[PDB]
């Protein structure tokens, strides 16, 4: 008897920690320690998917004496309208109602075209440069920040101002840095709302300003803009890096994709499913029980914390035969959980899929000799950031 303690060690730079796969083999749910509260850890696909659709399991904390959180986690929960369990139903419903129509089929088709041209240009710049090159700086970082500039209607150079703010806001190791970074985001967004009130364009804040004959306050609109800025590029950057690394590890699949770029949607779904970095603390969706819930033989009690391991569930052999293998020829794969499921299902997921498809349609056809310029083991996953990620990806080609 030894209580498992999150985060678990992972001897590889990607994948699922061995201890978490061991727990998955024993059963769907286990009690574990963490750096803070103890929590229920749910690791099997069926149970994670069921619990993500359970309205009794919510982001907000219902407890009278709530455990202390990092500034970074507090900001993340507040951006997601989860900071007050009594107002979360109305506030979260409004948040999704206001953001979902900002990603319309008209907008996504226009952005798909612009994204494809931008990838072409980014890869031409890359191909013309002298290796070794940092792929993270010149490709992974550049496409999703371009997209956020487009969503917000700001000059592309603005991403040189805001490009580190998601990392800084979500730095769990430094509350002062987290809070100072978030104030920069807030000031920038309030400036942007005031500009869009007199100079609107085809962009998200302009649409929110016009919503309900201007019924929303500038603070309400800036709040939603802050969610788009802080959630809308960093995780996509991380998936471009993880997808590149996964494809570099699987040369037979990589050659399949280079030969037939029509395999890119299937590759993107495998990248999302398998793309887990380091100790994988970002591949856990946190919840609190607002009512008692039974999982198998186990009772989750009102007030308990729950970690839904979407990463482990996406590796679950019960849901994906040979679940640890990258295979873009899977026939009718189950829907992975990398965008979540249920009430808080990723709002940007169709846009994120368009970005990743445009990149991986092109990458290995444009740079067939691309490969790491350093050992994989030298790549360092940043455990202190809620969103993890690598800081650099040196390549040659």
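Numbering follows the first chain given and starts at 1.
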* To do: Report the stretch with the higher mean CA temperature factor, choosing between 357-365 and 55-63 on the basis of the entry.
  => 55-63
* Taking the mean of the C-alpha B-factors per stretch from the entry, tell me the winner out of 178-186 and 232-240. => 178-186
* Which listed residue, 161, 136, 112, 118, has the largest C-alpha temperature factor in the record? -> 161
* Per the PDB entry, maximal CA B factor within 296, 144, 280, 200 -> 296
* **B-factor third for the C-alpha atom of residue 35 within its chain** => highest
* To do: Please rank the C-alpha B-factors of the chain's modelled residues and tell me whether residue 262 sits in the lowest, middle or highest third.
  => middle
* To do: Select lowest, middle or highest to describe the third in which the CA B-factor of residue 42 falls within its chain in this entry.
  => lowest
* Would you please rank residue 140 by its C-alpha temperature factor against the other modelled residues of its chain and give the third it falls in: lowest, middle or highest? => lowest
* Structure fact -> Chain thirds by Cα B factor, record data; residue 382 belongs to the lowest
